[PDB]
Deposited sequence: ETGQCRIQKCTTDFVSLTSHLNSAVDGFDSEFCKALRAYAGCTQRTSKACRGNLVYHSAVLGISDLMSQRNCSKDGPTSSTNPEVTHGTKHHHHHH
């Protein structure tokens, strides 16, 4: 169903504002089918916080 875990695993395992936009797009491509999952909204809020923190 929802594809938040795949994008999350990719973005995390990458870094183990460069790819933050790519991860935001990966989460946005499944914005409709993930309305309700706590993981998706948490990832969106964390992306917003990282965008507002790195000044970009």
Problem set entry | Stretches with no C-alpha position, numbering per deposited sequence from 1 | 1-3, 20-32, 73-96
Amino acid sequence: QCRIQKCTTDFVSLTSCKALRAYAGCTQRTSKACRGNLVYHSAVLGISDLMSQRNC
From here on, numbers count along this sequence of modelled residues.
Exercise. So 18-26 or 40-48, which one's hotter by mean CA B-factor in the entry?
Worked result: 18-26
